[PDB]
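Next come the chains, spelled out residue by residue.
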Amino acid sequence: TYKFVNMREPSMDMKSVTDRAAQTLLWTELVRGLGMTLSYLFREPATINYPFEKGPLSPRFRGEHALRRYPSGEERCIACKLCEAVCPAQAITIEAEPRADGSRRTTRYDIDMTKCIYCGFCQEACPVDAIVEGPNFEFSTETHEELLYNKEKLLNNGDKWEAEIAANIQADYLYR
Amino acid sequence: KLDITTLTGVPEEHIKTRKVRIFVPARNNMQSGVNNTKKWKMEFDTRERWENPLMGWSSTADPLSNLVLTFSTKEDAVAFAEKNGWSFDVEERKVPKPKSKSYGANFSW
Amino acid sequence: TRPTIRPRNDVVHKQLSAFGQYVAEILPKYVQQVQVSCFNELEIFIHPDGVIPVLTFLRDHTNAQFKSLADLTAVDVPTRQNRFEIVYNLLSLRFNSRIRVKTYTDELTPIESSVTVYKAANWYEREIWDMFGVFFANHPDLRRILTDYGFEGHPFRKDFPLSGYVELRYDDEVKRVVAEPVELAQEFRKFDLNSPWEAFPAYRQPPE
Amino acid sequence: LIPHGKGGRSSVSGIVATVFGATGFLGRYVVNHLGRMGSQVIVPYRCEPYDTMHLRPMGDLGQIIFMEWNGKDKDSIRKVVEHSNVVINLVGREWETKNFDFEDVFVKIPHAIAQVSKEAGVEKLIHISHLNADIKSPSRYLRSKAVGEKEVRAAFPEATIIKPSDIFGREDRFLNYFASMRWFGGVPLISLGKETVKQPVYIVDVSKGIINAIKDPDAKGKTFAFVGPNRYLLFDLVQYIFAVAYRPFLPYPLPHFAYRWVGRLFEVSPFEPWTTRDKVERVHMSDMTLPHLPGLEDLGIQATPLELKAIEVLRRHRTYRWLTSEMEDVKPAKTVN
Amino acid sequence: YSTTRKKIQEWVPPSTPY
Amino acid sequence: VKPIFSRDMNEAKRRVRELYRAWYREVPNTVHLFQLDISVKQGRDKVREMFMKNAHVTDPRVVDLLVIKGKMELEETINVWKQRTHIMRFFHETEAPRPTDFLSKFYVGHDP
Amino acid sequence: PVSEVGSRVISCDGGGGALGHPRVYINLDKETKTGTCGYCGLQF
Amino acid sequence: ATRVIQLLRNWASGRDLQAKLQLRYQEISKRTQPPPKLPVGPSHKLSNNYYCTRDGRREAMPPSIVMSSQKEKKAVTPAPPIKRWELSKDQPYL
Ligand SMILES: CCCCCCCCCCCCCCCCC[C@@H](O)O[C@H](CO[C@H](O)CCCCCCCCCCCCCCC)COP(=O)(O)OCC[N+](C)(C)C
Ligand SMILES: NC(=O)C1=CN([C@@H]2O[C@H](COP(=O)(O)OP(=O)(O)OC[C@H]3O[C@@H](n4cnc5c(N)ncnc54)[C@H](OP(=O)(O)O)[C@@H]3O)[C@@H](O)[C@H]2O)C=CC1
Ligand code: SF4
Ligand code: SF4
């Protein structure tokens, strides 16, 4: 098992001696490495042309949050409120009150990307699969107050992307 | 009276103008369970907690509202707070009285 | 009872048991008890004064060539006549196995430093000193680490709020960052997850 | 709103102060003492976002709210007042810009501010003018500010009016100025000595005083005026300036007209001139000593002496040879009064 | 912005005299 | 029972006096080297005050423990550990005033 | 939106097989019915 | 991506990169995939399961204890000594 890195030692044979001496005086390995970077000059550059091209991702990838509707057009969220109860950063805050119809609903679902750690526990937790960690990954913004999403904001994110998200979940759920 | 107030960095305000409130917690009555009931704990008194002007969050000032500590014996708890030089409100363990039960007493007549 | 549960070898439990007996007899001026955690982890106790002599022999051969502290943990518990409860892991190499001696300590009694015995414990003395009140005697240099400068109160005291009693913020009128009491927003919502119905008949203390 | 909780960075307060032109020395400090209270503010920018940027930390998330505006459009000023409980005027300018003619700055803007303060039902309005604003032939600022003073008083009479007795601070355009007069060579004195005399107030004191003035129910229509505890002579004063800046001190006696020839020479620069004839008249006219008007101590705040605080203000002017030194070494300047 | 309306909705004195 | 340092009071009080000597003499150097603009007196007075803060402690070991925690600070200022911020921190200068008068407090906030 | 017919008890899931709300049984016919989150009432 | 260059490149390298060209992925795994179906799991039998058996956390037991000092003979090792390792076999030195 155990292996000796090094430990191997140079021969004192005169051909070898002259070789190492000529190596020192004439810099063989030096020019070797130099030739190596020469060799990497000729390979095709790895850069992608962002924005105009964008890097590969995955169906499972996590990003901006977004509550989302039934196809019926009704919202999914039902305030079982355990999204609050499982987020380690406890970013989420929820305050449900009854619908006039009598159905359970949120009044001010909110979240703040300032504290959220994008761990995707909320994505797992929801029994009705309401909140979803959306594919979008870019929403850097000027002002701190914008980070602190309101419920309406999440819905708008759910409106913007719904075909996309439904596509990911469609492509992914079997592995769940 | 092993006072250690100088050793703790705690500001004088909160070894002074507030009190601990030792008790063995009551059973949640919705529950029929008994487990969480036992073992002394050392809750502090509540102070002010207003509201965030933005987003409506319950912003809060007091340094140590959420603190709470389990114990095995009450004397140990009182002595504990005494070591801290703490004001306290010890409360009795209030075990339910044992009660007679009989399925057949339902069928007296 | 196979696929899920761990098999737990009897053998190791034997050897650790007998070895615990072995040390128990070799030096019983101080080994209060040599309990073996059933998942193969021996762990003898020590009278707090007795720290150096035990650990010393613990490096010294008989079989106890347990060189290198893995760590110097300092479990806290508000109860007990003395709250803080120090712990020493140890590892022997040739017989590849780990043990774990441990003591107890008053808030105020100065237990001696164990730096000389395990060698690589100089950093730990400073750690536990600045994460606790406990003092180690014959330590070349206790001083704060893992904190700010002033800061004062030890954390990890099992009490002591996680949000602490202070905060820095930069203040233009004086053009400088400065300490100031926490004023914390949102407040640490504190769930009480803990639930009724004891799950563990196999333990559960006598009602007394 | 009713105030809640310990005063603090998270603390609410009813104040929804609106400060105009806070980009300057005052009231960056005034916003800060609002901010330690946690009181909301709506400082609105005329200039550019960038210079305003350092204003941001002072608040607490949603507190500070920059708003675009113009002093010339009526509704533009209707914007930032629109929910303000109180509106405060700190706007001032030493050198007359072109497009803002020197008069409107001290007339029109305070005017629209005053009457809009009326229409919006603003709970309090407040305004600043130099103690020497009392009309005098030299200098058009004292007079134009007297005009807007009297105007807002005529329009929002219950407004209290600031009359500060020269504030000294690290960001000052005054003390730093005479500190920087070294750069030309000497220090132009019209005739040295008692040719004019001044008294100063710590900037910090003025700020604390203003917010305390909102903290004072009594500070209604009263025209507050701020003076520091000590009294000094301009000559001995500058003597103390180079006594703390350690720079060589050359008094430079001068016939009065030539200094104005100098001011006319230096008004030429398109940018922001170091000196101007208006400032030339800011120079030689002494502050009046009247104390009977409502003022700083009436607020209950006591002035911080300049003598311990000039050092921090001027250390940046120090040569490296002297850049570290105790203030006490310099010797407290004698007080004329 | 703030969401979920109000709290205490405290009552106020009547317009009518006495 | 093992004592930390000095047995009985007074033996420990001398320690603390020594400590005051050290702090006091060091202070002008602190104001000089740190470019602090606190009045050179004020630091001294504040030192004396901090020394008054525990001027009623009476336990045996606790006081020597107090000079242990007292050494480290001069230990830091002498090594230029801590900074202008960190050492100016003691003066609480940015705080809003908080009168201890009952009625004064009474108007301001819900209080304890 | 319009209520589905029933007679009487019947499933609901919100229509998403392992994508909808977890399965429940509404129990009405001529009466208006339900429900979980899916509004899929069974008034008929 | 031309013979005029690739030859010179490989010779400059002394490694002949063309066999790998690992610095890019010209044609790796296709992204869309057939549905998973995915494994059931060992205990999913309905015919015989009892959690009283399968449970592991209930097998937790209080630590075995010895001495409790609080309340010939022969010497012995904690464990038999481990053997010295064999030296790598195929590549004894590096
Ligand atoms: C008739 C006879 C007349 C004379 C005939 C004989 C000629 C005499 C022998 C010629 C030798 C001249 C070579 C120049 C001196 C070489 C010594 C130099 O390498 O010193 C070493 C230090 O090496 C140098 O610092 C190398 C660093 C230089 C970095 C630049 C790389 C140059 C890239 C190649 C450019 C070539 C362009 C020109 C080519 C025509 C120190 O040796 P040592 O301490 O014991 O261990 C390190 C051994 N090294 C060489 C493997 C590092
Ligand atoms: N020692 C002192 O300085 C004393 C001052 N005062 C008075 O108190 C006030 C505060 O002084 P201070 O803050 O130092 O002066 P500053 O110049 O520092 O403050 C004025 C600010 O208001 C802005 N401003 C005002 N009007 C306009 C306008 N029409 N368009 C664009 N910007 C405008 C200025 O430019 P911008 O915001 O665009 O950058 C500047 O930022 C002054 O008005 C002064 O007369 C009184 C006594 C002593
Ligand atoms: S899980 Fe998703 S839906 Fe159910 S409550 Fe938490 S957030 Fe609302
Ligand atoms: S994102 Fe990750 S962390 Fe933030 S809430 Fe949803 S789950 Fe909890």
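Residues numbered from 1 in each chain as written, not as in the entry; some residues may be left out. Chains lettered and ligands numbered in written order. Part of a larger assembly, values for the part shown. Heavy atoms only, no water. Residues with missing side-chain atoms left out of burial classes, pairs and counts.

Structure determination for this PDB entry was carried out by cryo-EM, with a resolution of 4.0 Å recorded in the header.

The PDB entry lists chain G under the name NADH dehydrogenase [ubiquinone] iron-sulfur protein 6, mitochondrial, with Sus scrofa given as the organism. Recorded in the entry header as its title is "Cryo-EM structure of mammalian respiratory supercomplex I1III2IV1".

Going by the annotation in the PDB entry, the name recorded for chain F is NADH dehydrogenase [ubiquinone] 1 alpha subcomplex subunit 6, with Sus scrofa given as the source organism.

Asker: Go over the UniProt feature "binding site: Zn(2+)" (unreviewed entry) in chain G, please, and point to the residues and values.
Answerer: Residue and element names in this part refer to chain G. Those residues carrying the UniProt feature "binding site: Zn(2+)" (unreviewed entry) are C12, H21, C37 and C40 in this numbering. These annotated residues cover 29 residues of sequence, and their C-alpha atoms all fall within 11.5 Å of one another, placing them together at a single site. Tracing the backbone shows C12 in strand β1 (residues 9-12). Sequence-distant contacts of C12, defined by excluding residues within four places in its chain, comprise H21, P22, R23, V24 and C40. Relative to the helices and strands, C40 resides in the segment after β2 (24-27). (UniProt positions renumbered as here; feature names shortened; annotations may be inferred. Helix = DSSP H or I, 4+ residues; strand = E, 2+ residues; numbered from the N terminus. Contact = heavy atoms within 4.5 Å.)

Asker: Describe the side chain of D64(F), naming the residues involved and giving the relevant values.
Answerer: Residues and elements named next belong to chain F. Within the secondary structure, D64 is located in helix α3 (residues 60-78). No salt bridge forms around the buried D64; measuring N to O, its nearest opposite-charge neighbour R15 is 6.2 Å away. Not counting chain neighbours up to four residues away, the residues in contact with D64 comprise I4, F5 and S6. (Buried < 20%, exposed > 50% of the residue type's maximum accessible area, 1.4 Å probe, protein only. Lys, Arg positive; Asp, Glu negative; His and termini not counted. Salt bridge = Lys/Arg side-chain N within 4 Å of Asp/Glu carboxyl O.)

Asker: Hey, could you go over the sheet that holds strand β4 (residues 85-92) of chain C for me, with residue numbers and the actual values?
Answerer: Residues and elements named next belong to chain C. Strand order in the open sheet made by the three strands is β3-β4-β5, with antiparallel pairing throughout. Of all strands in the sheet, those bounded by a partner on one side alone are β3 (69-75) and β5 (97-102). Along the sheet, successive strands turn relative to each other by an average axial angle of 20°, direction set aside. In this fold helix α4 (residues 122-131) packs onto β3 and β4, with an angle of close to 10° to the strand it touches most, β3. (Pairing = 2+ DSSP bridges. Axes fitted to C-alpha atoms, helices over the stretch in contact; angles between N-to-C directions.)

Asker: I'd like a description of the site of ligand 4, backed by residues and values.
Answerer: Taken together, the residues surrounding ligand 4 are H65(A), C87(A), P88(A), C116(A), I117(A), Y118(A), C119(A), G120(A), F121(A), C122(A) and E133(A). When its residues are assigned to classes, the shell around ligand 4 shows eight nonpolar, two polar and one charged. (Near = heavy atom within 4 Å. Nonpolar A, V, L, I, M, F, W, Y, C, P; charged D, E, K, R; others polar.)

Asker: Break down the sheet that holds strand β4 (residues 124-128) of chain D for me, citing the residues and quoting the values.
Answerer: Residues and elements named next belong to chain D. The six strands are arranged β2-β1-β3-β4-β5-β10 in an open sheet whose pairing can be described as parallel. Across the chains shown, the open sheet's two edge strands, defined by having one partner strand only, are β2 (40-41) and β10 (225-226). Two elements, β4 and strand β5 (residues 160-164), share three bridges in a ladder whose sense is parallel. Residue pairing across strands places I128 opposite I162, the latter belonging to β5.

Asker: Can you break down the nonpolar core residue by residue, with the values?
Answerer: Nonpolar side chains tend to gather and get buried jointly when the protein is soluble and globular. Within the largest apolar cluster, 69 residues are counted, with the highest numbers of intra-cluster contacts made by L26(D), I203(D) and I241(D). Take this core: its biggest share by element is eight residues, from helix α8 (residues 234-245) of chain D. Every residue in contact with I241(D), bar those within four places of it in the chain, is listed here: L175(D), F178(D), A179(D) and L314(D). Judged by nonpolar contacts, the second largest core, of 35 residues, contains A74(C), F84(C), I99(C) and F136(C). (Core = buried A, V, L, I, M, F, W, Y, C linked by side-chain atoms within 4.5 Å.)

Asker: Can you break down the packing of aromatic side chains residue by residue, with the values?
Answerer: A ring pair, where both rings are aromatic, is described by two values, the distance of the centres and the angle of the planes. Tallied over the entire structure, the rule returns 30 aromatic pairs over all chains. Seen from their ring centres, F106(F) and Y107(F) are 6.1 Å apart, and the 80° between their planes marks the pair as edge-to-face. Assigned by exposure class, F106(F) and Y107(F) land together as exposed. What links up through ring pairs into an aromatic cluster is the set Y2(A), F4(A) and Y93(H). (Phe/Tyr/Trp six-rings, centres within 6.5 Å; stacked < 30°, edge-to-face > 60°.)

Asker: I'd love a proper account of the site of ligand 3, names of residues and values included.
Answerer: Near ligand 3, the surroundings consist of 13 residues, among which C77(A), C80(A), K81(A), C83(A) and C126(A) are the closest. Counted by class, the shell around ligand 3 contains twelve nonpolar, no polar and one charged residues.

Asker: Can you explain the environment of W261(D)? Please cite residues and give values.
Answerer: On the secondary structure map, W261(D) appears in helix α9 (residues 256-266). Residue classification places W261(D) among the exposed positions, given a relative accessible area of 62%.

Asker: I'd like to hear about empty space enclosed by the protein, residue by residue, with values.
Answerer: Taken as a whole, the largest cavity spans an internal volume of roughly 320 Å³. Along its surface, the largest cavity is lined by 24 residues, and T8(B), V10(B), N84(B), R157(C) and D159(C) are the ones closest to its centre. Only α1 (13-16) of chain B together with α3 of chain F provide two or more residues apiece to the lining of the largest cavity. Looking at the lining of the largest cavity residue by residue, the class counts come to eleven nonpolar, eight polar and five charged. There is about 130 Å³ of room inside the second largest cavity. Secondary-structure elements contributing two or more residues to the lining of the second largest cavity are α8 and α11 (310-314) of chain D. For the lining of the second largest cavity, the leading source of residues is α8(D), giving five residues. (1 Å grid on protein atoms, 1.4 Å probe; cavity = no way out; pocket = protein on both sides within 12 Å on 5 of 7 lines; lining within 4 Å. Points joined across faces, edges and corners; volume = space filled by probe spheres on them.)

Asker: I'd like to hear about the interface of chain D and chain F, residue by residue, with values.
Answerer: Contacts between chain D and chain F engage ten residues on the former and ten residues on the latter. Between chain D and chain F, the buried area comes to about 1000 Å², and carbon and sulfur atoms account for 48% of it. Inspection of the chain D/chain F interface yields zero salt bridges. Where chain D meets chain F, there are three residue pairs in polar contact. Of the residues belonging to the side of chain D that touches chain F, the class tally is three nonpolar, one polar and six charged. (Buried area = accessible area lost by both parts, 1.4 Å probe. Polar contact = N/O pair within 3.5 Å; in protein donor to acceptor, adjacent residues only side chain to side chain.)

Asker: I'd love a proper account of the pattern of salt bridges, names of residues and values included.
Answerer: Under the definition given, this model contains 37 salt bridges over all chains. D89(B) is paired through a salt bridge with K19(B); the nearest N and O atoms lie 2.9 Å apart. With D89(B) in the segment after α2 (74-83) and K19(B) in the loop between α1 and α2, the pair connects residues that are 70 residues apart, well separated along the chain. Relative accessible area serves as the criterion here: at 28%, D89(B) is assigned to the partly exposed category. Residues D205(D) and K208(D) are paired through a salt bridge, measuring 3.7 Å at the closest nitrogen-oxygen approach. One end of the pair, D205(D), and the other, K208(D), are both in helix α7 (residues 203-215), three residues apart, so they sit about a helical turn from each other. Each of the salt bridges in this network shares a partner with another, and the network as a whole consists of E41(C), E43(C), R100(C) and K102(C).

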